[PDB]
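See structure below.
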Amino acid sequence: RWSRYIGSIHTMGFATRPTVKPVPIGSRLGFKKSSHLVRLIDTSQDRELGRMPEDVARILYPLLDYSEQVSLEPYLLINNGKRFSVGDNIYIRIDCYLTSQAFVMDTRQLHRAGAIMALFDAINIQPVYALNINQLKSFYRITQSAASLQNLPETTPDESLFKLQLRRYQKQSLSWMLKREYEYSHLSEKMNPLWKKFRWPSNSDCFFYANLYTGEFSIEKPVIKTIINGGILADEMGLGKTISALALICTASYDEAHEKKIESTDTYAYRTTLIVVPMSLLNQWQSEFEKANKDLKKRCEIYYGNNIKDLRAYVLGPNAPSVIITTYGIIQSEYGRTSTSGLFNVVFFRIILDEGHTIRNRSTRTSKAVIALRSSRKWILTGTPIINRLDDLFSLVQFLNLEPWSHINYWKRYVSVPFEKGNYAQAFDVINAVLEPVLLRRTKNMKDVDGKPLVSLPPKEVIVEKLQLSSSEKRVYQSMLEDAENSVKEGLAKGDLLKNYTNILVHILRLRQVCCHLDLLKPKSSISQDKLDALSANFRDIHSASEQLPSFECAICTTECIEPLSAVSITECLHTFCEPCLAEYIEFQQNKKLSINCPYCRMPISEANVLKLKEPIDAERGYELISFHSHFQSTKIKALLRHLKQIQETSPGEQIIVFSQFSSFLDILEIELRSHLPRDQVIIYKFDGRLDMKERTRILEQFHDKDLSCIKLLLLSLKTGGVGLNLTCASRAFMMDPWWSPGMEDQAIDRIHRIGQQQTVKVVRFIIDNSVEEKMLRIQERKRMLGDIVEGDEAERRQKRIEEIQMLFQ
Ligand SMILES: [Zn+2]
Ligand SMILES: [Zn+2]
């Protein structure tokens, strides 16, 4: 037991009891505990004296609970000589002491730190020295503004296990990841801002250290910090985000400190690294591993669809794999049904969360599932740790289990509340203090030591993606090609090919339209994917699981149980029928031209809106409603959706432009894209052109509006280009069709990129293989050699036309 003075507080007190006897000057008064009311009591008379004001009772009342910790010794000050009448002022000099019981249930611990922190403020002792896009960029401007992060050592793995060449920055991130996991064996060679340093008074060592966030005190300077294996690797996409992480697993693939521990002589998978990855990147991580791993001894395997029967025994067995990749939807699925096969009865050696910002909503089952995973070392690969809210970082901290910020009460007290009340400058300093030793963020805009940017960003990158038509599209393209080949034989047999020059371009145009979509020549459903998910949810809620088997009544034949389940025909209004019974009704109602109504509720059920169950039934999700009649999508629209369904998880907030010369094609695109994509994650904008000037600028207004919770699409005509339209905010473009002149397509692409931007424009050109579109590219390559400009209007003009007509069929 020791004691030491720390400070004094002067305060007037209102008298409570009318003491008549004179009160000594240096009276050793005391504080008794019981809007708040604290009591004054003379130590020798054992009688109450007065009450303290509200602004002082709030400081003293919670400090009395920690008498062993903080002792308050009040002394009397002024001796007017008169008895304390009802209301006379009592002048006190409160002396404060910090006992060794303070020096070295979250609400119990926070109430103590808050009470002591309030005392230090009154003592006045100081140490020795939803989000908007504008508020979010101010956050990055600090958390990415580390003090010269360009001097991190470059660690190189031996090229017997890693067959890729790491960049300058990729070699640095590998060394930092090895340092975060305390893997010194693969490194050459080679405080706590939250803990501040106070000073001792000298009126009644010369320093002492304290952390007023947790209320902890220490004699010496405690440098103990960061008892965490791993961290968060934030980076702009393309800084070797995934490639660097694979370099870590190939460098250290198992717990080396544990193999010797068990060989010296269980639910520890001391050799397996779990990589939770979105399904859109499920096979890419498998591919990126094989493309990078050279050591055949360590193998990776995808865990999807319950392919591995017993995962618990397999991952701690004699030949467990070094990497296991699985979907968040697998973690979320097995977490709900209490699946005890694996993933929750083993402590994996390492866990890596690619695009880990998908657990930002801590209240969803997917987030609760990821935090429930046990591992020795944890990692978070995320290009955007914050999406739309500040507490999105909390789940990233709660996953890493960073004490005491993993506790929600510490976060809401020191981060959420000070931010939500305008004092954002402090909450940013608390966040930046706990994530500084854990997170490492770099930028393609950052410059190196030599004087070059980390990544040379070209203005654009155009890529031609060749597609092959469907089985039905080739027959239409062939039928239109046969008639196109005949109109050439007609004019050529008449002595002059150009006698059908207008008639041939019509057949060529119809060939161009077939490649885009077949509906551009002259039973389509009217239910989007968002509605099918809503109808499936309503359907599973109606026919809920119980003791007995599922039964489905037919509203026509009154059959209590329809068999088989594939013969179940479900209307737009979620009413069950026998598939033959419903078809007989529609055929009878169509042969007499009577409008179709539901035989159960008499509602306008459209024939294309008839639904059926998915065959087979996923036991983890239940019944799924798909269109009874099969829907068709053009090969290019099928390819575009395949790109967009990946950029959705590849990069949030990305604005994309879709080009097409056919105005009707853009109309079909909007209908198909909005139908097959979720509305809360993909926003589609179209440029009709005929709309008023204010609405067209209002569309571009909402399009430029950056939003990391969705991706935005702009469907404008290639014909008009983007003349007078600001398109700088776009990072990706899609050329759904080529044109005769290359200048019109190049000009539209060049209206996107502006020098001084942090992202290159990625362009993809969908060209149907061995089609007229592939021929039109060779025409553009001719116009890039000499131009649309031509000499001669007599013979040279006619001769030039003969070449292009032939090139389309060569
Ligand atoms: Zn029936
Ligand atoms: Zn009905």
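Chain labels follow the order of the structure tokens: the first chain is A, the next B, and so on; residue numbering restarts at 1 in every chain, and ligands are counted from 1 in their shown order.
By only C-alpha atoms, and with residues fewer than 4 positions from range 664-671 of chain A along its chain excluded, the set lying at most 8 Å from it is residues 516, 517, 520, 637, 660, 675, 684, 686, 715, 716 and 717 of chain A.
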Chain A residues near ligand 2 within 7 Å, closest pair each, using only C-alpha atoms and all ligand atoms, as a tab-separated table:
```
residue	atom	partner	partner_atom_place_in_ligand_line	distance
A:571	CA	ligand 2	1 (Zn)	6.5
A:573	CA	ligand 2	1 (Zn)	4.9
A:574	CA	ligand 2	1 (Zn)	6.6
A:575	CA	ligand 2	1 (Zn)	5.0
A:598	CA	ligand 2	1 (Zn)	4.7
A:599	CA	ligand 2	1 (Zn)	6.4
A:600	CA	ligand 2	1 (Zn)	4.6
A:601	CA	ligand 2	1 (Zn)	4.2
A:602	CA	ligand 2	1 (Zn)	6.2
A:603	CA	ligand 2	1 (Zn)	6.1
```
- Taking the DSSP assignment computed from this structure's backbone, write out as a ChimeraX atom specification all residues of range 272-448 of chain A that belong to helix (DSSP H, G or I). /A:279-290,311-315,328-336,356-359,365-371,392-400,408-420,424-435
Near ligand 1, 6 Å: chain A residue rows, closest pairs, only C-alpha atoms and all ligand atoms, as CSV:
```
residue,atom,partner,partner_atom_place_in_ligand_line,distance
A:554,CA,ligand 1,1 (Zn),4.8
A:556,CA,ligand 1,1 (Zn),5.4
A:557,CA,ligand 1,1 (Zn),4.5
A:577,CA,ligand 1,1 (Zn),5.5
A:578,CA,ligand 1,1 (Zn),3.8
A:581,CA,ligand 1,1 (Zn),4.7
```
Dump as a short mmCIF file (atom, residue, chain, number, x, y, z; two decimals), in the first residue's frame, selection limited to N, CA and C atoms:
```cif
data_model
loop_
_atom_site.label_atom_id
_atom_site.label_comp_id
_atom_site.auth_asym_id
_atom_site.auth_seq_id
_atom_site.Cartn_x
_atom_site.Cartn_y
_atom_site.Cartn_z
N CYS A 554 -54.56 -28.67 -55.37
CA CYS A 554 -54.86 -28.16 -56.70
C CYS A 554 -56.22 -27.49 -56.68
N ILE A 556 -58.14 -26.81 -59.03
CA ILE A 556 -59.01 -27.28 -60.11
C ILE A 556 -59.63 -28.63 -59.77
N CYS A 557 -58.80 -29.64 -59.53
CA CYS A 557 -59.27 -30.99 -59.22
C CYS A 557 -59.39 -31.25 -57.73
N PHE A 577 -51.35 -25.58 -58.56
CA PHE A 577 -52.16 -26.32 -59.52
C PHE A 577 -51.38 -27.53 -60.00
N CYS A 578 -52.11 -28.52 -60.50
CA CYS A 578 -51.49 -29.56 -61.31
C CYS A 578 -51.13 -28.96 -62.67
N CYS A 581 -53.63 -29.67 -65.27
CA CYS A 581 -54.89 -29.00 -64.98
C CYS A 581 -54.84 -27.53 -65.38
#
```
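Nearest residue to residue 456 in chain A among A:300, A:755, A:243, A:561 is A:755, counting only C-alpha atoms.
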